[PDB]
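A quick write-up on the structure given underneath.
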Amino acid sequence: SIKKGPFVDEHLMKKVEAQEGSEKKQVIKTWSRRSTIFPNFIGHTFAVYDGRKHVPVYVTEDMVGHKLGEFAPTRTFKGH
Amino acid sequence: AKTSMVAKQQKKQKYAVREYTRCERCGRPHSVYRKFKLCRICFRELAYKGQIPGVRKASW
Amino acid sequence: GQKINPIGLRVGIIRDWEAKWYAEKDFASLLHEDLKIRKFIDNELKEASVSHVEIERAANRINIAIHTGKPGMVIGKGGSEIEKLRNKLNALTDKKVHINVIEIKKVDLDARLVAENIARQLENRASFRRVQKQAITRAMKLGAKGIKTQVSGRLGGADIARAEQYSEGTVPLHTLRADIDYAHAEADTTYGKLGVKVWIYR
Amino acid sequence: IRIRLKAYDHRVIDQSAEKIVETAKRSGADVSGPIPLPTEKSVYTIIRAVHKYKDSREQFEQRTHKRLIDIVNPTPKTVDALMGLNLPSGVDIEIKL
Amino acid sequence: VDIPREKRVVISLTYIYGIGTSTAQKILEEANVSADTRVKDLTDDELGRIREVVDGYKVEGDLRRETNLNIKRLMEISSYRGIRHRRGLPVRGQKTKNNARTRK
Amino acid sequence: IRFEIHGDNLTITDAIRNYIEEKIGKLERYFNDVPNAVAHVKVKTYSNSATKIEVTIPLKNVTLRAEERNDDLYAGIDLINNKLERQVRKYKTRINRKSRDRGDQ
Amino acid sequence: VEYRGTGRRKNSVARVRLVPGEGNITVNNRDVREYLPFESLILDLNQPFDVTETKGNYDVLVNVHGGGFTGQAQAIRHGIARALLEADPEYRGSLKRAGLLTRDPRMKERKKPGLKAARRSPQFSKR
Amino acid sequence: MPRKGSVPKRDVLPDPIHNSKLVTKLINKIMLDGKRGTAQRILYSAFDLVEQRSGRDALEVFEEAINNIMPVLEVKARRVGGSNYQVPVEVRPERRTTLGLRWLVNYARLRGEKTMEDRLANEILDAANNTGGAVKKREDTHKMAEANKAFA
RNA sequence: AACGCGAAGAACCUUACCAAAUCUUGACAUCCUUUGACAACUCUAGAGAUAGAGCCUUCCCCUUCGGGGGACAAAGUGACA
RNA sequence: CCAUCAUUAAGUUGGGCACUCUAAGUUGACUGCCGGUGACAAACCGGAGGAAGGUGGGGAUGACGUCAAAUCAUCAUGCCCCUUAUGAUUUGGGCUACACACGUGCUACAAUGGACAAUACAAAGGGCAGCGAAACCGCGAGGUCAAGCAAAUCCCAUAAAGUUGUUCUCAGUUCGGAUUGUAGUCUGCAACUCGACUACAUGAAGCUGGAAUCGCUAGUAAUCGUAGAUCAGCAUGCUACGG
């Protein structure tokens, strides 16, 4: 995770360049745990598989500081 | 269970990060010695039996 | 108590090695070729009165010495089976040159033989206490000094395991002078595994 | 010339040092004899129990006994011991020229 | 800004928000102050030359304004780094068993 | 006077977790008048014969062990508490012979 | 005249010599008070030649090796004690009865496994 | 071996400055956590203030101050059960030396000043003048062991 | 005499657990039969294993005919794993 | 490994100084040797004799046996069970969750300290593309190549505590540094779940702890730092090491 090559999943970047040309579709079933959020991802909706059930989330413009896997929870905590 | 994991090891993985080690007769992976490639159980066994070359017992 | 095995005290102190080679670089992989041909020699011989083997390696002429309490059976008929062994032993490794065999007198005073031949007196399931006493009474008759042997589990055919040892003679397990030799066999009786230890001296 | 003599046993590396110091003085040599390098031991500390127990363990060690032989009178009779391979049992010889 | 007197200036500028052991080097760079300046320092003509270098810094209170909204931005996106603020969670991937007390 | 309970191949209920403290707990609370200790309850099922219950309570000097090999895990503790209450009285009358009339010279 | 003795204590060898002159030590070619740290144990280090009273007699100039400062000291007073018995050989009973000439008697003890460090067993809760 | 017999007690090395065994034993008891030099320097700067606040040399003042510390009766507990179990027993000369050194240091650590530059030397001149805090617990032992005098 | 113990190295692997995606002579071993004799390498589709094509159709000896021994396993079950 | 020779950058180089040291192959400590009043009954008690003295210190070695003690998850096999699965194959979780409750340790709650400058002294062990110097370029974690080498020499590696001097002045203050945002350093297909440091910020509990309880008889308690096995990366653990 150096300056040299901020990491992209790159099996997802190929699937999002077809989306941003014309009118976007509102689902990409993916895993996206490895990749970061850079401004070629805004608007699109990803169903991030948290191990159990793929959770939809769409990308805002304040999301560029963080990466894509940090959103779908895997704990299932609520409990006490 | 055991020989599936032995078969998983000896094939070449996709990644050098996986780089997984076990023993040649001990099924366990979890106590290897990379000069001996033996588990701690049988290395205790075949050094008492002397099948390994020169290795004293103890009491330096 | 937790008696450790009597060979492990004495390897190099009052004994020598069952493998006497050296390899600084690539010590790991060509150590595995030893217990390849420690399994493999123990496969097709299949109690040809084999006590133990020795391995020595020098300049891709790697030696194997076997003791063979019944000599000639590994040799065959005038160098037949000894040449029929190097037809496979030289294929499992590269060279396996200068395969040979020496002989031993007193066929059942080496403890590897003494444990094995009365462990094979357990698949016929006949009188384990005499199977003990056959080994003790013959021992110092043939020239031994101290004898000690036991059988551990599923003793006699019952449910609860019971050790059962018989002894006489000087068996100094704590004295580092002593040439104690032990062995452990894996006699199955189709209701579990019986374990049998022996202890010979001189 | 620095003939490297290293081995696991100490009775074997000493009797094989007596071979090379004998089979060189018979030739035209001026042998600086065997001086003992320090032994490069290594301790392996396994634990004794089959399943559980620490706090009760058996230590293991293996010792290499290093010596070196050097000659500064190279004749073709001195190298007859160098070309002549003897005691190959548990000693390696790293012959440098 | 609101620094206390009667102590050395290498520890005195530490008392405000936003300075720890940078007054030993960074404030000492621009201003020609020394290490042994007590209350008796006459730092009024030197008050101006530290005012020029502290004006570039975010230190005196206004950093805590940006520090507060960085958490508020972080919880509004509802990240795992942000849920741990709003939920007493240690945030930086720590073991939340027995010895996790300072977040309660 | 905690109860680190654990059952070998038996799922512990909560009706046991109140029946323990009434008999194993309370009948030894009035013994040991300065108490700070931990109990230990094993329940080991054996499919061939029965279950067994082991209760060990260590103290300052002498511990307290008892075993029953019954299968009823409510009637067996009626005998564990019987063996526990006997062993405490052995401990106390051992140390309640302080009352010895010894007049110094 | 160079009466060269050796001396060991606590995994630190110390070889000395005895050139005549006066009492002046040159441990590792430098002054003692700038090498040995706090000057207390130097008057305990002068105890071996005190009983032969050769104060203004011998310069020593030790080359010491290994150990620490109380391992380098207490090994040159044992160092010159082997050298004082080839200076005053009849004065052996003066050093045998009082201190210096005994030995390197004891070093650090082996760390046994299954233990914290060197015979100190670790704490357990339930007695 | 404390039941085969008695342990053979060992010799110490006297100080170079005062030429006293008693000074070195004070060095070893103020030696917190094995630091010999960093504690010996403090004692060598805790008798100069003694020799500053009194003209006498401190090797006289030390053995004069500890005599107001060293008690002559103490309490050894004998397991008599229902009795008082506190027998007033006089002090052996080895424990007589040690237990005075113990009280001199253990109450030097509980004064107002922080440096043992003058934590130590203040209590010495108090013990030289038969006052302070390490003297007054000797009298507390001499009001406890001398109150239960029915077990001589 | 359990509790920095099996763990002398849990991001993936380990991993035995769970949720998914798809396999049944099984990723492994053995007789084996035709030994069909490497799909021994790249593009495309893909969480990804896998799937579809482009493909190094062989490998050594010794007869004389093209077999047997090591030849890869595409299919097989008496079996077995 | 350099007393005596010097051209000491120290090449510890020239010679070899081989002497000491060190590193390895062997000679020697047992109540052998005396005196006790001590009577013979061995011991004990006190000497001298060697460097060592009373099984020298320590390790290895654990009798008959006890606990149906602990592992059918290192293995191995009696019996039972499973066979479109209770076996497989993948990336994605989890083993790292938490209002909590006991174990075991680390760092502390300071002016026998803290911060900054100087200046010493070790042992053990590792280095099969691994250890990577001296230079640089970075505040730093570190990057770029060659210098050496498969090693008593080359490297990890300048141990640290100490000592010397300047400081703060006795407050939750220059005590420590938990926790949160800024560096993106490095390893690795990839550090979000879920790493490792350092960089400027922020600075919380904490003023030596109740009843109770544990370790330890000399190079031992105590402390200080260095190594290795695991390991691509990662210990406050473990195992060895000396001060």
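Just a yes or no: is a residue in the stretch F:20-32 in contact with an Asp or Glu (Cβ under 7 Å, 6 or more places away or on another chain) and assigned to a strand (DSSP E or B)? Within the stretch F:20-32, not a single residue is in contact with an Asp or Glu (Cβ under 7 Å, 6 or more places away or on another chain) and assigned to a strand (DSSP E or B). Residue-level check: of (1) surrounded by 18 or more Cβ atoms within 10 Å (Cβ to Cβ); (2) under 25 Å from C:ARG112 (Cβ atoms), C:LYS39 misses just (1).
In the set F:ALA66, F:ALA75, which member is in contact with a helix residue (DSSP H, G or I) (Cβ under 6 Å, 6 or more places away or on another chain) and either surrounded by fewer than 14 Cβ atoms within 10 Å (Cβ to Cβ) or part of a strand (DSSP E or B) (or both)? When all the criteria are applied, what remains is F:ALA66.
Could you check the stretch C:86-106 and list, in sequence order, the residues that are in contact with a strand residue (DSSP E or B) (Cβ under 9 Å, 6 or more places away or on another chain) and assigned to a helix (DSSP H, G or I)? C:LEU89, the sole residue that qualifies.
Looking across the stretch E:1-58 at every residue that is among the basic types (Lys, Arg) and within 13 Å of RNA strand J (Cβ to nearest atom), the one that is surrounded by the most Cβ atoms within 10 Å (Cβ to Cβ) is identified as E:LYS26. For the stretch D:22-60, the tally of residues that are surrounded by fewer than 17 Cβ atoms within 10 Å (Cβ to Cβ), closer than 22 Å to D:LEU87 by Cα and in contact with a strand residue (DSSP E or B) (Cβ under 6 Å, 6 or more places away or on another chain) stands at 4. Taking the listed residues B:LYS2, B:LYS12, the one that is over 24 Å from D:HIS51 (Cα atoms), basic (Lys, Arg) and either more than 12 Å from RNA strand I (Cβ to nearest atom) or out of contact with any strand residue (DSSP E or B) (no Cβ under 7 Å at 6 or more places or on another chain) (or both) is B:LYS12, with no other qualifying. Contact annotation: residue pairs with Cβ atoms under 6 Å, 6 or more positions apart or on different chains, pairing a residue in the stretch C:178-202 that is under 14 Å from C:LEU155 (Cα atoms) and more than 14 Å from chain B (Cβ to nearest Cβ) with a partner that is assigned to a loop (DSSP other than H, G, I, E, B) and more than 10 Å from RNA strand J (Cβ to nearest atom), are C:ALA187/C:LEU122; C:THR189/C:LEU122; C:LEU194/C:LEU122; C:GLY195/C:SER152. Let me confirm something: among G:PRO89, G:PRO105, which residue is under 13 Å from the mean Cα position of the chain (by Cα) and more than 6 Å from RNA strand J (Cβ to nearest atom)? On inspection, the qualifying residue turns out to be G:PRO105.
Taking each residue of the stretch G:100-127 that is of a type in the set (D, E, K, R) and looking for partners that are part of a strand (DSSP E or B) and within 14 Å of RNA strand I (Cβ to nearest atom) with beta-carbon atoms closer than 7 Å, six or more apart or interchain, yields G:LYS111/G:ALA117. Which one is farthest from G:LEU100 (Cα to Cα), of the residues in the stretch G:10-66 that are away from chain H (no Cβ under 14 Å) and of a type in the set (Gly, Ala, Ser)? The qualifying residue farthest from G:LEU100 (Cα to Cα) is G:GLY21.
Screening E:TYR80 on (1) within 14 Å of chain A (Cβ to nearest Cβ); (2) more than 16 Å from RNA strand I (Cβ to nearest atom) shows it passes everything except condition (2). The residues in the stretch F:49-63 that are part of a loop (DSSP other than H, G, I, E, B), more than 14 Å from chain G (Cβ to nearest Cβ) and surrounded by 14 or more Cβ atoms within 10 Å (Cβ to Cβ) can be counted, and the count is 1.
Scanning the stretch C:24-63 for residues that are within 14 Å of chain D (Cβ to nearest Cβ), in contact with an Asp or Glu (Cβ under 8 Å, 6 or more places away or on another chain) and not polar (S, T, N, Q) gives C:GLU24, C:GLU54, C:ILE55, C:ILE62. For the stretch H:16-36, the candidate set comprises residues that are more than 9 Å from RNA strand J (Cβ to nearest atom) and of a type in the set (D, E, K, R); within that set, the residue that is nearest to the other protein chains (Cβ to nearest Cβ) is H:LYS21. Number of residues in the stretch D:5-56 that are farther than 30 Å from G:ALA117 by Cβ and near RNA strand J (Cβ under 7 Å from one of its atoms): the value is 5. The residues of the stretch G:11-41 that are among the polar types (S, T, N, Q), outside any loop (DSSP other than H, G, I, E, B) and either touching a helix residue (DSSP H, G or I) at 6+ places or on another chain (Cβ under 6 Å) or more than 17 Å from G:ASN57 (Cα to Cα) (or both), listed by number, are G:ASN28, G:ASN29.
Quick one: would you say G:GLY56 is within 16 Å of RNA strand I (Cβ to nearest atom), out of contact with any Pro (no Cβ under 8 Å at 6 or more places or on another chain) and among the small types (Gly, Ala, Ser)? Here the answer is no, as G:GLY56 does not meet what is asked. Look through the stretch F:1-48, keep the residues that are of a type in the set (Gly, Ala, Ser) and under 12 Å from the mean Cα position of the chain (by Cα), and return whichever of them is surrounded by the most Cβ atoms within 10 Å (Cβ to Cβ). Only one residue fits best here, namely F:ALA39.
Highlighted here are the strands (runs of 3 or more DSSP E) found entirely within the stretch D:2-97 that include at least 3 residues which are within 9 Å of another protein chain (Cβ to nearest Cβ) and in contact with a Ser or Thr (Cβ under 9 Å, 6 or more places away or on another chain): D:42-47, D:57-62. Consider E:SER22 carefully, then state whether it is part of a loop (DSSP other than H, G, I, E, B) and away from RNA strand I (no atom under 16 Å from the Cβ). Yes: the conditions hold for E:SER22.
Candidates are the residues of the stretch B:14-33 that are more than 6 Å from RNA strand J (Cβ to nearest atom) and within 14 Å of chain C (Cβ to nearest Cβ); the one that is surrounded by the most Cβ atoms within 10 Å (Cβ to Cβ) is B:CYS23. Within the stretch B:41-60, the residues that satisfy the criterion of being in a helix (DSSP H, G or I), aliphatic (A, V, I, L, M) and either crowded, with 22+ Cβ neighbours inside 10 Å or away from RNA strand I (no atom under 14 Å from the Cβ) (or both) are B:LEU46, B:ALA47.
Read the figures in this text as sums done on the coordinates, not as results from a lab. Positions of Cβ are backbone-derived with ideal geometry, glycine not excepted, and every protein chain shown enters the neighbour counts.
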